[PDB]
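Engineer: Experimental structure and sequence below, a few questions after.
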4 protein chains.
Amino acid sequence: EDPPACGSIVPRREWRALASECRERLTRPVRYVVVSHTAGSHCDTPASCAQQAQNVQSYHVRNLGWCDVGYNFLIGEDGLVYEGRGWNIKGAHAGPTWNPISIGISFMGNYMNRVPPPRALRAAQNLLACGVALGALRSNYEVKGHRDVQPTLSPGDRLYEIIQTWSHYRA
Amino acid sequence: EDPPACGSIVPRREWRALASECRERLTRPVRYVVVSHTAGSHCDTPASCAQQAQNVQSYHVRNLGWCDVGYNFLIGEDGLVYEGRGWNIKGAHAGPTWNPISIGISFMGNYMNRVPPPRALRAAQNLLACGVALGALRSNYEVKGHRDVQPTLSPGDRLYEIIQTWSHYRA
Amino acid sequence: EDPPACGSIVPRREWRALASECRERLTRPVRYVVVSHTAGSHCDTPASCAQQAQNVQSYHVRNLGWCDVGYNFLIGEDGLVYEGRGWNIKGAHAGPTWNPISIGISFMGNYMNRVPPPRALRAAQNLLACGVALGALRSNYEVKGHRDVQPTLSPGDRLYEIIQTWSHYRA
Amino acid sequence: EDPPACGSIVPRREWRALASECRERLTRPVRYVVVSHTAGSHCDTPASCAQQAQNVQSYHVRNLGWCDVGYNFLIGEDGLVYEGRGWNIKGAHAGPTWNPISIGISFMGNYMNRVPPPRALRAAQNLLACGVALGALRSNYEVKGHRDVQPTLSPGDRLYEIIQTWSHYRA
């Protein structure tokens, strides 16, 4: 009889993310998962990645004047998952069509020529299994690369090639 | 009451564009211009640029399922402007907030590591001067970088650096 | 491309429709769906709705001289969808600009001061998922009120506020 | 906040269903579909079929002491499906052997000297496909008429003959 079931996530306060002001919700169970990259520098330790998660949030809130960081979750090369808007709140990662109906996860860095480590890949796959275990994602949920839905190079050639092999990938 | 022959623009039919299916209209005069880059391969001849304009449209319409190539106009390293959605049709290039109140022009190429040639810059500035002349754009229009309104590397470092200097650029 | 069936619809013969004389075809798949109201009497029983379908068709065919009832599908308060011109044939519901590129569905009755019952709205929405299932409609299809593309009160003040909330609604 | 389910299934609340106390769960995908008739009164309008679902469920709950109406779904001659125990709750329609494996759907009325209108039949065919689309009904499913699985006159004479002409029906 195991109820909680799923995953390990670095909470917002742990990375000192500003309080969010997004109130728009998704509808669980969510059908779609969109994978992106940050396109920025990558990080490999908890200390650097929480820094970065704060940098990312800063750009979206400071500059773009957003209600909170665009992604629902972020993926560090430290192999931890940073919580973004989370499972329940509509993100700003894929535009008007995909945002209202998906969870956006972004790997922190640039995978045009570089692969994320095995630990970052396990961190994201285990996070999805957790989303299913919680009923936040549909059991038969579909993974899209960002470039599948927006014109962009994101999530980078190397990461796009990996996510394509995934059990739930459907272009 | 003066209309001049400001357009030196390659018409859709001439670059062999697929017919647009877009119907939403911009209202003139448009206050904002948003400068992006295709983050793609550059083209330096009217022939290859005609083909590059085709490919960009082929991405947006065929893969992404969109009514047309996202941008209102496209700029070539050949020094010519390629007609996209044109002046009167809402483009799909910088999100729901900006798409309805702007014109989007994208330079065909990736400018993180190159500057576009002087001619493409001339094409772009001339294009914009034409829009004011025609009343498509406000006389005091504002230019934004794609990264100023949406999280992306576009228009690319070198090119972004250039537009920041422009007379009509606005923080 | 897919054998499986999708949705329930009262066929032409069942509601005693006059034979059609329309031949112009829509090009699959269709981008747009336009939602209208008859502004005519309403009905709540399979018997009374088949009669009303007949009356509207009759008005269109005999008074207006059209090749068939103008709408692709009609929706009755009995919660059934009534086949009109169907998915393949160009309707006459939204004018020359919109007719060739849309599916028009019309709720039978006047919705300025009334809402269609939840069963009507389900039926309408179910019909559209089937259009997509069938490849009749684009997966990224967009829904518009009749008033958004033509000057009319149709689809009625109250129903128009309702369709505004549909996942696929784009003014 | 999301689009409705396939089938245009009238929801339990819409027909003023007493709350369910049933807890046992069917394991999908589900192989058998069993078709019955209620041998109760019949109805041909949404107003009359709501009331008739209420009456059947009332008989099962109040008199027989069951957790919910026995059938997973009810089909009215108004052409709508009525949610009963649904796709996920084990029913009580065909006894102990059948209830755990099958999904039970019942036509509301006596079909010994009568046959359900084509709409009542479309509704039921519609329902089962939607159930496949949902993963509740396994794609290669078999239909049985109540007798095949239990000794009774249901699903009525004429209704039993049509059931046999379905592709999915098994001897």
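Structural biologist: Received it, and whenever you're ready, just let me know what you need. Numbers count the residues shown, from 1 in each chain, chains lettered A, B, ... in the order given.

Engineer: quick check: longest helix of chain A.
Structural biologist: Secondary structure assigned by DSSP state H gives helix A:118-133 as the longest helix of chain A.

Engineer: what's stretch A:130-145 in contact with?
Structural biologist: A:5-7, A:28-35, A:87-88, A:98, A:102-103, A:128, A:154-155, A:160, A:163-164, A:166, A:168-171, D:135 (CB atoms under 8 Å, 6 or more residues apart in numbering or on different chains). Using the backbone N, CA and C atoms, a C-beta is placed for each residue, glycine as well.

Engineer: Try it again at 7 Å.
Structural biologist: By CB atoms under 7 Å, 6 or more residues apart in numbering or on different chains, the residues outside stretch A:130-145 that reach it are A:5-7, A:28-35, A:87, A:103, A:128, A:155, A:160, A:163, A:166, A:168-170, D:135.

Engineer: Next: stretch A:31-47.
Structural biologist: For stretch A:31-47, contacts defined as CB under 7 Å, 6+ apart pick out A:49, A:52, A:56, A:76-78, A:80, A:93-94, A:98, A:101-111, A:128, A:137-138, A:141-146, A:149, A:154-156, A:159, A:163, B:153.

Engineer: Stretch A:112-127: which residues count as buried?
Structural biologist: Of the residues in stretch A:112-127, A:112, A:116, A:120, A:121, A:123, A:124, A:127 count as buried by neighbour count, 16 or more other CB atoms under 10 Å in any protein chain shown.

Engineer: anything in that stretch near chain B?
Structural biologist: No: Stretch A:112-127 is not in contact with chain B by CB under 7 Å from any CB of the partner chain; minimum separation 10.0 Å.

Engineer: residues from chain A in reach of chain D?
Structural biologist: Residues of chain A that fall close to chain D, judged by CB under 7 Å from any CB: A:25, A:27, A:140.

Engineer: Tell me which residue in chain A sits closest to chain D.
Structural biologist: Nearest residue of chain A to chain D (CB to the nearest CB) works out as residue A:27 at 4.2 Å.

Engineer: What's opposite the most centrally placed residue in chain A in the beta bridge?
Structural biologist: Central residue of chain A (CA atoms, centre = their mean): residue A:105, 1.4 Å from the mean position. For residue A:105, the beta-bridge partners are residue A:35, residue A:73 (DSSP bridges).

Engineer: circling back: mind listing which of the residues of chain A next to chain D are in strands?
Structural biologist: residue A:140 (DSSP state E).

Engineer: of the residues of chain A next to chain D, buried ones?
Structural biologist: Judged by 16+ other CB under 10 Å, buried ones among the residues of chain A next to chain D: there are none.

Engineer: Kindly reformat the residues of chain A next to chain D as JSON lines containing distance to residue A:60.
Structural biologist: JSON lines is the format used below for these (distance: CB to CB, whole Å):
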{"residue": "A:25", "distance to residue A:60": "19"}
{"residue": "A:27", "distance to residue A:60": "23"}
{"residue": "A:140", "distance to residue A:60": "31"}
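
Engineer: Give me every residue in chain A lying close to chain C.
Structural biologist: A:97, A:100.

Engineer: quick one, strands of chain A?
Structural biologist: Assigned by DSSP E, the strands in chain A fall at A:9-10, A:30-37, A:73-75, A:81-83, A:102-107, A:137-145.

Engineer: Columns distance to residue C:42 on top of these, output as CSV?
Structural biologist: Formatted as CSV, the strands of chain A follow (distance: least, CB to CB, whole Å):
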stretch, distance to residue C:42
strand A:9-10, 52
strand A:30-37, 35
strand A:73-75, 48
strand A:81-83, 50
strand A:102-107, 38
strand A:137-145, 37
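
Engineer: Quick check: residues of chain A near chain B?
Structural biologist: By CB under 7 Å from any CB, the residues of chain A that approach chain B are A:39, A:59, A:60, A:64, A:70, A:95, A:96, A:149, A:151, A:152, A:153.

Engineer: Mind giving me the PyMOL select for those residues, buried ones only?
Structural biologist: Written as a PyMOL command, the selection of buried residues from the residues of chain A next to chain B, which uses 16+ other CB under 10 Å, is:
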select buried, chain A and resi 39+59+60+64+70+95+149+151+152+153
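
Engineer: Alright, calling it a day.
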